[PDB]
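Protein chains in written order, with the authors' numbering: chain F, 291 to 338; chain Y, 917 to 1061; chain E, 917 to 1061; chain P, 146 to 193; chain B, 724 to 756, 787 to 916; chain L, 387 to 533, 547 to 723; chain V, 628 to 723; chain H, 1110 to 1157; chain X, 1062 to 1157.
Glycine is no exception: its CB is placed at the ideal position from the N, C-alpha and C atoms.
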Ligand SMILES: Nc1ncnc2c1ncn2[C@@H]1O[C@H](COP(=O)(O)OP(=O)(O)OC[C@H]2O[C@@H](O)[C@H](O)[C@@H]2O)[C@@H](O)[C@H]1O
Ligand SMILES: CC(C)CCC[C@@H](C)[C@H]1CC[C@H]2[C@@H]3CC=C4C[C@@H](O)CC[C@]4(C)[C@H]3CC[C@]12C
Ligand SMILES: CC(C)CCC[C@@H](C)[C@H]1CC[C@H]2[C@@H]3CC=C4C[C@@H](O)CC[C@]4(C)[C@H]3CC[C@]12C
Ligand SMILES: CC(C)CCC[C@@H](C)[C@H]1CC[C@H]2[C@@H]3CC=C4C[C@@H](O)CC[C@]4(C)[C@H]3CC[C@]12C
Ligand SMILES: CC(C)CCC[C@@H](C)[C@H]1CC[C@H]2[C@@H]3CC=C4C[C@@H](O)CC[C@]4(C)[C@H]3CC[C@]12C
Ligand SMILES: CC(C)CCC[C@@H](C)[C@H]1CC[C@H]2[C@@H]3CC=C4C[C@@H](O)CC[C@]4(C)[C@H]3CC[C@]12C
Ligand SMILES: CC(C)CCC[C@@H](C)[C@H]1CC[C@H]2[C@@H]3CC=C4C[C@@H](O)CC[C@]4(C)[C@H]3CC[C@]12C
Ligand SMILES: [Mg+2]
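Printed below as a string of C-alpha cells:
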C-alpha cells in the first residue's frame, strides 16, 4: 500500500510505477500539490 | 380492643409473627440449655440420686442466666468452695470448670442466640411494616363484621 | 437433625458464620479484658505475691462484668473500704479508682464492642439470609447422600 | 510505501498531526515494513 | 513488593515466625526472588520490613507479658532486676522515639498519628512511676502510688498493642 | 478526503486498498484482524463464497485461526467457524524439538500450537500462568512430586496442564486423551469428523479456561459436546483459580473477583441447559442426571456439581426432583 | 367476583397438598404472581368504579350475589383473603 | 447426548432472543439503524 | 513506618542506635568511608513522560468510547439524528 502525501513530478513517477506494476495506491485529498491532481483525476474519471 | 388505632393494630400481628420466631428461638435455645444444665448439675452435685430436684436444677439456673442474672454467689455457695477468691480452694477440682462451661454457655446464648433473635425480629418487623395498613384495614373490617 | 426443616437449616450455617465473628470479638475483647484485669488486680491487691489466684483474679471478674453482673458489693468487700457510701473512707487511696477504670472498661466493652457485634451480626445475617434456600437445598442433598 | 514531496512539504499542523496519528496507529497495528525516500527533508523526515 | 521485598509472595504468618525463631531452619526454605549465598539469604530475609514488623510485634508482646508479671507481682524493698530490664528497655524505646522524631517529615507529621502520642504517654508515665518507686524504695505507700501509676501504664500498653 | 471524513475511516481506506490487491488472502485476513473490521472481512468471505472459490479460503483460515487465537479476537474465531474451519489441522509457528518421550511423540501437531499459545501467554511479565507452573512443583508429564532443559523448554505442554487441571478439579478426575484417532487411516468411519474437532475444541477450551477468556471458552463449549459437565468443570477450575496459592495478594484481588464473575457465568449456563431440560422431557432429564460419566470415576453430575461446589445447580427444580 | 374467585382458586392452588415439594416452588411462586395480577384487576375495575358514581359503586358492593349463598363481594374478598381489595377507598368507604 | 445437544441449541436460541429483548441492545440497534437510515437517506438525496 | 526501622527488637535496638551513631560519626562527617546515591537518566525519565502521555491519550480515547457507550448519550444522539433525518426528509419532499 503506497500513500501519496502532497508531492511533485517524481512522486507522480512513483505513483506511475506503482500503478503500472500493480501496487494499489492511497491518495489523500485536501493535502496539497500532486494529491489534488490525482484526486481530481480519479474523481473526474470514476466518481459517479 | 387495640385494633381501632392505627399504631397498635399492626403491632399485634407483628407480635404474633414475632412469637413464631420466639418458638424458633426456643428450638435453638433448648439444646444449649439442657446440655449446660446436665453438665453443670453433674459438676455441682456428684454422687447424688436422681429426683425432681435434679430436674429443677437443670431447668432453673440455665434459663435465668441468659437474661443477665448470674448466680455466681449462689454457685459459690452451692459448690462449697471457700476463699476470698471464689474458686481457688475447693474440696473437689471439678467444680472449677463450673464458671468455664458458664463462659461458653453465655457465649452460646447471651451474645449469640439473642442477637440472632434481634436479626430475625428486624427482618420480621420489615416484613410486617412494609404491609401494615392493609392488616389494619382488614382488622377494621373484622371489627365491623 | 435440624437440617430437614427450612427454618433451622440455614440457622446452623448462620450460627457457624456468626461464630467466626465471635472469634473476631474474642480478638477485640482480650486486650481490654487483660488490660483492665492486670490494672484492677494490681489496684485491689498491692504487695501480694504472684500465683494462680492472681491469674483467676485477672480472668474472672473482667469477663463477667461485661454481661451485666457488676460485682460492686464484692469489690467493696475486696477493697476493705468501710462506710455507708462504698468508696469514701478506705485505707488506701488507690482503690477509689477501682470503679473509675471499671467505668472506662464498660464504656470499652458493654456499650461499645457488644454493639459492634450487633452490627457484624446484622451484616452476617444479611449475607446468610439473601442466600438461605440454596444452603438448605445443599444440606437436603447432604442428608440424601 | 510512503511517497511525497521532499523539499516542498508545507502543511498546517492540525492536518500534519492527523496524518501523523493515522500513520502512527497504522504502523502500530500493522507491524509493516515502511519504504520511504532516504533523505532528511519533509515527509520522509516526518515518517522517520 | 516493598513490603515483602526479597521474599516473593508465598509466605505464611507461621512460616516467617518459625524462620524468625529458628535462623538455622531458614536456610532449607529455598531462596525466594559458598558463604555469600547463605549470608545473602539471611541478609535478604532480615532486611525485609515484614520481618521488622513481626520483630516489633513479638518484642512488644514480650514487653506486655513481662510488665504484666511485673505489675501483678509484689515489688521488693530494693530495685529488682526486672525493673532494671524495663528501665533499659524503655530507654531503648525513648531513643527509638527520638530516632523517629529526627528522621521524619516534621514534628506535626510525627505527632498527628495517635500511636506516637500514646507511646509518648507510656514512656512519660513509666518514668513518672519509676521515679515514684525509686524516690524511696523502703516505703509501702510509694509502692502503692507507683503501682497505681503502673496500672495506667499497663492499660495504655495494651491499648498500644492494637497497632 | 482528509478534512471531509472522520479520523477512524483511514484504517478503512488502507484496508480497502489491502482488499483491492488480489492473491494474498491470508495476509489480507490478517490485516483485517489487525484493523478489527469484522463486517468488512465477513463481506469479503461472503463475496468469495458467492463467487465459488474455496481452496484459497481453506489455505488461509487455518493460519487465520492460529493468528486469531494468538492475538485474542473472539468474534473472528466465531466468524471463521461455519466456513469449514477444521480446528484439528492447526500448525504452530516454530518447530518443537525432540525430547525422547513416547507420549510426547504422539502429539498430532496442533498440541504444539496449544503449547505455543501457552508459551506466548507465559511470556508476559507478572503472569499467573508462570507462577502457577512454578508453584505446581510437578514433572514434564504431570506426575506429582518428581521435581532439566526438556522440563524448561517444554514446560507448558498440554498434558502437564491437563494434569494441573486434573488436580485442580479434585483428586479423582483422571482425564483421558486419544491421539491415535488423529490419522489418515481412520477416515472411512462416518462420525469421526465430529470427534476429531470436539475433544480438540475441549483442549482449546482448557486453554480458554486458563487465560480467563469467556467468549472463546463459550464458543469452544458450543463446538464441543457434554456441555453441562464441561460447564461445571469450568466453574470448578475458575473457582480454584480464584484462590489457588499465587492469587493471594492485594494487587490481584479485582482480577480474582473477575474469576468469580466468570465462574458465575458458566454455572448460570449449566442451569440454563438444565432449564431447557426442565422445559421438555423431565423424565429424560432425570435419566440424564442419573447417568454415569466416563470423564470421572463413575459418578453422576450432581456429585460433579457437589465437587464443583455450585449452589445454583443444586437449587434447580430438576435436580431437586431427582434428590426428592 | 370472577377475579376474586380467580385469586382464591390460585391462592388455594399455590399450596393445596400436592405442591409442597422443593421441586415445584418457583411454580407455586408463579401461582402467587398470577393470583396478584387478578386481584390487581379487581382493584382496577373498582378503581374505575371509584372514578365515577361512587354511590352506585357503594350500591354494587352492597349488592347480593347469586353465585354464592347471598353474600356481598366484601365477604367474597374476605373469603378470598385479598388485602388489596380491602384496602381500596371505595371498600373502606362502605366499611366506614 | 442428542437430547442434550438439542436442548443446548434451544437454550442458546432462547438466550439470544432474551438478550435481544433487553433495553440496552434495543437502544443500540435503534441507534445503528437510525445511522444506517441517514446513510440511505443521503443516497436518496444524492439521487434526487 | 517499618521501612525506616533498624530491625533489632526493643531491648537490643540501643545497640543498633550505637551502630547508627557510629555511622553518623564516621559517615557524613570527618573520616567518611563511602556515601551511596543514585540519579535517574534523562532518557529514562523522557521514556516515562512519553509513556505517561501515550497512556493519557489511550485513557481519554477509552473514556470517550465508554462515555458514548452510556444510555443517555445514545438516547441523545438518537434524538438529534432523528431530528436531522426529518430535516433531510423535508429536503427530499421539497425536492419531490
Ligand atoms: N528525494 C529527494 N530529496 C531531496 N530533494 C529532492 C528529492 N526529489 C526531488 N528533490 C528536489 O527537490 C525539489 C522539491 O521537489 P518536491 O516536489 O518537494 O519532491 P518531488 O520532486 O516530489 O520528489 C519526489 C521523490 O520523493 C520520494 O517521495 C519519491 O521517491 C520521489 O522520488 C525538486 O525540485 C527536486 O529537484
Ligand atoms: C427454650 C426456653 C424458653 C426454655 C423454656 C423454659 C422452661 C422449660 C423452664 C425454664 C424455667 C423452669 C421453671 C424453673 C423453676 C420451677 C420451680 C419448680 O418448683 C417447679 C418447676 C419450675 C416451675 C420450672 C418449670 C419449667 C421452666 C419454666
Ligand atoms: C480437647 C478438649 C475438649 C479435651 C477435654 C478436656 C477434659 C475432658 C479434661 C482435660 C483436662 C482435664 C482435667 C485435668 C486435671 C484435673 C485435676 C484432677 O485433680 C481432677 C480432674 C481434672 C479437673 C481434669 C478433668 C477433665 C479435664 C478437664
Ligand atoms: C476447645 C475448648 C473446649 C478447650 C477446652 C479447655 C480445657 C481443656 C481447659 C480450659 C480451662 C481448664 C481448667 C482451668 C483450671 C483448672 C484448675 C486446676 O486446679 C485443675 C484443672 C482445671 C479445672 C482446668 C481443666 C482444663 C480446662 C477446662
Ligand atoms: C475474649 C473472652 C471470651 C475471654 C475468654 C474467657 C476465658 C479466657 C476466661 C474467662 C473466665 C475464665 C474462668 C474464670 C474462673 C475460673 C475458675 C478457676 O478456678 C480456674 C480458671 C477458670 C475456669 C477461668 C478459666 C478461663 C476463663 C474461662
Ligand atoms: C484521660 C482520662 C483517662 C482522664 C483521667 C482522669 C484522672 C486524672 C482522674 C479521674 C478521677 C480521679 C480520681 C477521683 C477521686 C479520687 C479520690 C481522692 O481522694 C484521691 C484521688 C482520686 C483517686 C482521683 C485521682 C485522679 C482521677 C483518676
Ligand atoms: C493524663 C492522665 C491520664 C494522667 C494519669 C493520672 C494518674 C497517673 C495520676 C493522676 C492523679 C494521681 C493521683 C493523685 C492523688 C493521689 C492521692 C495519694 O494519696 C495516692 C495517689 C493518688 C490517688 C494519685 C495516683 C496517680 C494519679 C491517679
Ligand atoms: Mg513509634
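Q.
Residues in the same chain with beta-carbon distance under 6 Å from residue 522 of chain L, minus the five sequence neighbours each way, listed in chain order, please.
A. 563
Q) Taking the alpha carbon of residue 911 of chain B as the point to measure from, which residue in E:1021, E:1027, E:1059 has its own alpha carbon closest? A) E:1021
Q.
Would residue 659 of chain V and residue 637 of chain V be called neighbours here (beta carbons separated by less than 9 Å)?
A. yes
Q. Within the 9 Å Cβ cut-off, does residue 185 of chain P reach chain F?
A. no
Q) By the criterion of Cβ-Cβ separation under 8 Å, what are the contact partners of residue 680 of chain L in chain H? A) 1112
**Q.** Residues near residue 323 of chain F by beta carbon distance below 8 Å, same chain, minus five either side
**A.** 296, 297, 298
Q | Contact list for residue 710 of chain L against chain E, beta-carbon separation under 9 Å | A | 1047, 1050, 1051, 1053, 1054
**Q.** Residue-level contact to chain V via CB, residue 997 of chain Y, 9 Å cutoff
**A.** no
(Q) Short of 9 Å Cβ to Cβ, which residues in the stretch 1022 to 1041 of chain Y face chain E? (A) 1022, 1023, 1026, 1027, 1028, 1029, 1031, 1032, 1034, 1035, 1036, 1038, 1039
Q | Helix, strand or coil at residue 674 of chain L [DSSP, three-state] | A | helix
Q) Near residue 288 of chain F, what residues of its chain come up, given a Cβ to Cβ distance below 8 Å and the 5 sequence neighbours on each side ignored? A) Since the first and last residues shown for chain F are 291 and 338, residue 288 of chain F lies out of range.
Q: Could you tell me if the beta carbon of residue 935 of chain E falls within a distance shorter than 8 Å of some heavy atom in ligand 4?
A: no
Q) Taking residue 580 of chain L as the reference, which of L:570, L:572, L:597 has the closest Cα? A) L:597
Q) Any idea what DSSP makes of residue 580 of chain L, helix, strand or coil? A) coil
(Q) Assuming the contact rule is C-beta atoms closer than 8 Å, residue 171 of chain P and residue 400 of chain L should be a hit. Round their C-beta distance to whole Å, please. (A) 6 Å
Q.
Below 8 Å, is the gap between the Cβ of residue 1009 of chain Y and the nearest heavy atom of ligand 3?
A. yes
Q) Would you report the Cα separation of residue 434 of chain L and residue 443 of chain L, rounded to the nearest angstrom? A) 8 Å
Q. Heavy atom of ligand 2 less than 8 Å from the Cβ of residue 946 of chain Y, yes or no?
A. yes
(Q) Rounded to whole angstroms, what is the Cα-Cα separation between residue 1040 of chain E and residue 943 of chain Y? (A) 21 Å
Q: Could you confirm whether any beta carbon from chain B is found closer than 9 Å to the beta carbon of residue 932 of chain E?
A: no
Q.
Can you confirm whether residue 1120 of chain X, when its beta carbon is compared against all beta carbons of chain B, has any partner nearer than 9 Å?
A. no
Q) Nearest chain L C-beta to residue 329 of chain F closer than 9 Å, yes or no? A) yes
Q: Please name the residues in the stretch 397 to 425 of chain L whose beta-carbon is closer than 9 Å to at least one beta-carbon of chain P, in chain order.
A: 397, 400, 417, 420, 421, 422
**Q.** Nearest-angstrom Cα separation, counted from residue 440 of chain L out to residue 1127 of chain X
**A.** 40 Å
Q) Any heavy atom of ligand 2 within a distance shorter than 8 Å of the CB on residue 972 of chain Y? A) yes
Q | ligand 8 site residues, beta-carbon cut 7 Å against heavy atoms | A | B:849, B:850, B:853, B:868, B:869, B:872
Q.
Which of the three DSSP states is assigned to residue 440 of chain L in this structure?
A. coil
Q.
I want to verify the contact list: residues of chain C whose CB lies under 7 Å from the CB of residue 1139 of chain H, in sequence order.
A. Going by chain labels, chain C is absent from the structure shown, which instead holds the protein chains F, Y, E, P, B, L, V, H and X.
(Q) Between the alpha carbons of residue 984 of chain Y and residue 1028 of chain Y, how many angstroms are there, rounded? (A) 14 Å
Q) Can you find a C-beta in chain B that's less than 9 Å from the C-beta of residue 647 of chain L? A) yes
Q.
Does the stretch 447 to 461 of chain L come into contact with the stretch 414 to 427 of chain L, if we say contact requires no fewer than three beta-carbon pairs (one atom in each stretch) closer than 8 Å?
A. yes
Q: Report the neighbours of residue 722 of chain V on chain Y: residues whose CB is nearer than 7 Å to its CB, in chain order.
A: 1056, 1057, 1060
Q.
Using a Cβ distance threshold of 8 Å, determine whether the stretch 628 to 637 of chain V contacts the stretch 664 to 682 of chain V, with at least three qualifying pairs required.
A. yes
Q. Beta carbon of residue 930 of chain E, beta carbon of residue 1031 of chain Y: below 9 Å?
A. no
Q: Quick one: measure Cβ to Cβ for residue 845 of chain B and residue 1067 of chain X, integer angstroms, because I've assumed they're closer than 8 Å.
A: Actually they are not in contact, since the Cβ atoms of residue 845 of chain B and residue 1067 of chain X sit about 11 Å apart, beyond 8 Å.
Q | As assigned by DSSP and simplified to three states, the class of residue 315 of chain F | A | strand
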